Engineer: 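Would you mind keeping the following structure in view while I ask a few things?
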Amino acid sequence: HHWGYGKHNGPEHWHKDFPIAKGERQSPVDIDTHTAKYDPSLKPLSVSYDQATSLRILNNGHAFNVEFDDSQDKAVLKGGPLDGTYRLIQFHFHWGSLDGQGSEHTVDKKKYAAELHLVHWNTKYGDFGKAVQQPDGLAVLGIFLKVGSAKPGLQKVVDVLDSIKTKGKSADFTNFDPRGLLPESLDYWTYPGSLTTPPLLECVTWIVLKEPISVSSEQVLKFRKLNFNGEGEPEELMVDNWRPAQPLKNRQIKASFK
Ligand SMILES: COc1cc2c(cc1OC)[C@@H](C)N(S(N)(=O)=O)CC2
Ligand SMILES: COc1cc2c(cc1OC)[C@H](C)N(S(N)(=O)=O)CC2
Ligand SMILES: [Zn+2]
């Protein structure tokens with residue numbers, strides 16, 4: 001019926017319902033590290049998550065979303081390429097069926113096992129639905145995951161997944177601190193792009209950290225036990241929920257580091 005990640009409804013089909021799929025600023029993209037240019041005009045990046053208030057985790061049939069109370073100026077992203085203040089609304093991941101794929105952005109064509117997206121909206125537009133209608137409406141902080149050592153700050157997420165196995169299920173998810181998902185370094189690449197799922201709106205300033213976080217094989221295996229289907233339907237494992245790299249077109253990727 002609707003869009004997803006399969007042969008018959010996956011990324012290569014999305015353009016029929018969402019023609020912007022073939023637009024001028026689509027995401028993700030390949031980050032060619034040799035062509036990205038250091039930009040001295042970039043101000044320092046500010047990730048201020050100390051007062052973040054998580055609420056709930058939801059399996060939406062595409063990924064799982066950890067949702068935050070964004071009714072107050074709490075968890076915010078500022079600086080870097082951004083003008084003004086962007087408020088955290090949710091995070092989610094994209095991942096693969098195997099450790100050699102899963103990320104949406106690639107780095108010199110390298111695919112990581114997964115990619116975390118911390119989604120923020122520009123407070124100048126008042127709320128998320130108005131923000132996605134603007135070219136500078138969203139800022140998505142993207143963080144690569146590689147398989148190696150466990151990420152202790154991820155385990156609370158992993159352990160709730162059994163309770164939201166299928167599409168439409170949610171669970172209370174309070175007091176989760178997203179600071180535990182960040183790598184040491186805030187070095188990043190940035191470029192103007194889009195949502196990577198329908199409606200594919202061209203409203204995102206992408207900020208993709210250079211340093212991946214490490215998660216354990218067991219952690220990512222638990223992601224792959226989720227289901228795309230609803231309860232009581234035949235099992236379709238939630239794997240390979242990533243859009244591949246799209247044409248860069250008339251864009252430059254800027255680096256925050258020399
Ligand atoms: C049977 O019903 C289907 C409905 C749709 C699709 C596939 C289906 O079966 C394969 C995909 C191709 N489009 S979309 N949004 O362009 O990916 C959504 C509508
Ligand atoms: C349905 O809930 C959401 C899903 C998605 C996003 C935000 C959501 O709630 C705010 C953002 C925009 N991503 S992405 N991959 O960072 O571009 C697409 C998927
Ligand atoms: Zn995403």
Side-chain angles (χ1 to χ4, degrees), residues 3-5 9-32 35-37 39 41-42 45 47 60-63 65 67-68 70 76-94 102-107 109 111 115-129 131-144 188-209 241-256:
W3 72 264
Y5 292 98
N9 63 0
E12 77 261 42
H13 291 273
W14 295 348
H15 72 102
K16 294 176 276 172
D17 278 326
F18 303 99
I20 206 60
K22 291 177 179 279
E24 298 301 303
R25 62 174 274 191
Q26 289 291 291
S27 295
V29 298
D30 182 55
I31 298 167
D32 178 343
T35 297
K37 196 186 171 192
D39 187 345
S41 75
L42 291 167
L45 188 68
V47 183
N60 68 359
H62 304 296
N65 283 1
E67 294 159 1
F68 289 78
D70 66 350
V76 302
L77 183 66
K78 302 161 28 192
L82 306 171
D83 288 342
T85 299
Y86 288 69
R87 196 173 290 173
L88 181 65
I89 180 167
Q90 60 106 301
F91 72 76
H92 64 274
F93 302 81
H94 309 260
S103 67
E104 293 205 308
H105 294 90
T106 55
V107 180
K109 300 294 176 84
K111 295 170 167 90
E115 188 174 330
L116 167 59
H117 288 162
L118 291 135
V119 182
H120 312 76
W121 55 272
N122 194 328
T123 62
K124 81 191 278 173
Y125 302 122
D127 64 10
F128 179 87
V132 295
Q133 298 175 63
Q134 318 304 322
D136 59 350
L138 296 191
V140 184
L141 178 61
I143 302 178
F144 295 120
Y188 64 85
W189 297 282
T190 182
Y191 79 93
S194 73
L195 308 185
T196 70
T197 63
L200 299 167
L201 296 169
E202 290 182 336
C203 64
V204 182
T205 298
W206 278 94
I207 300 169
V208 175
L209 297 191
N241 54 0
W242 51 276
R243 186 190 196 189
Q246 301 302 306
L248 189 62
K249 305 272 185 175
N250 189 42
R251 292 174 294 176
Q252 283 183 342
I253 300 177
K254 295 301 195 186
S256 75

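The figures here come from the full heavy-atom set of this structure, side chains too, leaving out hydrogens, waters and symmetry mates. One is the number of the first residue; the rest follow in order along the sequence.
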Engineer: Write down the atom of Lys109, the atom of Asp30, and the distance for their closest heavy-atom approach.
Structural biologist: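 That closest heavy-atom pairing would be N-OD1, 2.7 Å.
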Engineer: Got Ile31 and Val208 here, is their nearest side-chain heavy-atom distance under 4.5 Å?
Structural biologist: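 Side-chain contact under 4.5 Å: yes.
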Engineer: In the structure I gave you, are the side-chain heavy atoms of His117 and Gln90 within less than 4.5 Å of one another anywhere?
Structural biologist: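 They are not in side-chain contact.
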Engineer: Is there a side-chain contact between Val119 and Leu138 (heavy atoms, below 4.5 Å)?
Structural biologist: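 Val119 vs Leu138: side chains touch.
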Engineer: Would you say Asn241 and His62 make side-chain contact, with heavy atoms under 4.5 Å?
Structural biologist: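 Not touching, per the 4.5 Å side-chain cut-off.
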Engineer: Given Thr205, which partner from the list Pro135, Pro81, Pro192 fulfils the side-chain contact (heavy atoms from CB on, under 4.5 Å) test?
Structural biologist: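 Result for side-chain contact (heavy atoms from CB on, under 4.5 Å) with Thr205: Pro81.
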Engineer: Against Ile253, only a single residue in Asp32, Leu248, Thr35, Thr190 fulfils side-chain contact (heavy atoms from CB on, under 4.5 Å); can you say which?
Structural biologist: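 Only one option passes, and that is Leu248.
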Engineer: When you compare the side chain of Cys203 with that of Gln134, does any pair of heavy atoms fall below 4.5 Å?
Structural biologist: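 A side-chain contact under 4.5 Å is absent here.
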Engineer: Indicate yes or no: at least one non-hydrogen side-chain atom of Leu77 is less than 4.5 angstrom from one of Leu88.
Structural biologist: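 No, side chains not in contact.
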Engineer: Provide the closest heavy-atom pair for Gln246 versus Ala21 in the form atom of the first, atom of the second, distance.
Structural biologist: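 It is OE1-O, 4.1 Å.
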Engineer: Taking the side chain as C-beta and beyond, is there a heavy-atom pair between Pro198 and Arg243 under 4.5 Å?
Structural biologist: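 Not in contact.
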Engineer: Closest heavy-atom contact between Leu42 and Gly80?
Structural biologist: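 Answer, listing the atom of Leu42 first, then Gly80: CD2-C, 3.9 Å.
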Engineer: I'd like to check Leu141 versus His120 (side-chain heavy atoms, cut-off strictly below 4.5 Å). Are they in contact?
Structural biologist: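 Yes. Closest side-chain heavy atoms under 4.5 Å.
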Engineer: With a 3.5 Å cut-off and no angle check, do the side chains of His94 and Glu115 form a donor-acceptor pair?
Structural biologist: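 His94 vs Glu115: no donor-acceptor pair found between side chains.
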Engineer: For the rings on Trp242 and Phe93, is their centre-to-centre separation under 6.0 Å?
Structural biologist: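 Aromatic pair excluded; centres sit 6.0 Å or further apart.
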Engineer: Kindly determine whether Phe68 and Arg87 satisfy side-chain contact (heavy atoms from CB on, under 4.5 Å), including the steps that lead there.
Structural biologist: CA-CA 10 Å; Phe68 289 78; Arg87 196 173 290 173; over 6 Å; no
Engineer: Side chains of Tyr86 and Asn122: donor-acceptor distance under 3.5 Å anywhere?
Structural biologist: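 Yes.
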Engineer: How long is the gap from CG on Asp127 to CH2 on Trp121, to the nearest 0.5 Å?
Structural biologist: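 Answer for the CG-CH2 pair, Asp127 versus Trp121, is 6.0 Å.
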Engineer: Taking all heavy atoms of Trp189 and all of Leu209, pick out the closest pair and write down the distance.
Structural biologist: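 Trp189 and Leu209 have their closest heavy atoms at CZ3-O, 4.1 Å.
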Engineer: Does the ring centre of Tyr191 sit less than 6.0 Å away from the ring centre of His105?
Structural biologist: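 Yes: the rings meet the under 6.0 Å criterion.
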Engineer: So, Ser256 side chain and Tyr188 main chain: donor-acceptor pair closer than 3.5 Å or not?
Structural biologist: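 Pair found, side chain donor or acceptor close to backbone of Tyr188.
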Engineer: Is a donor from one side chain sitting under 3.5 angstrom from an acceptor on the other, for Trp206 and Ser27?
Structural biologist: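 A pair is found: one side chain offers a donor N or O, the other an acceptor, under 3.5 Å apart.
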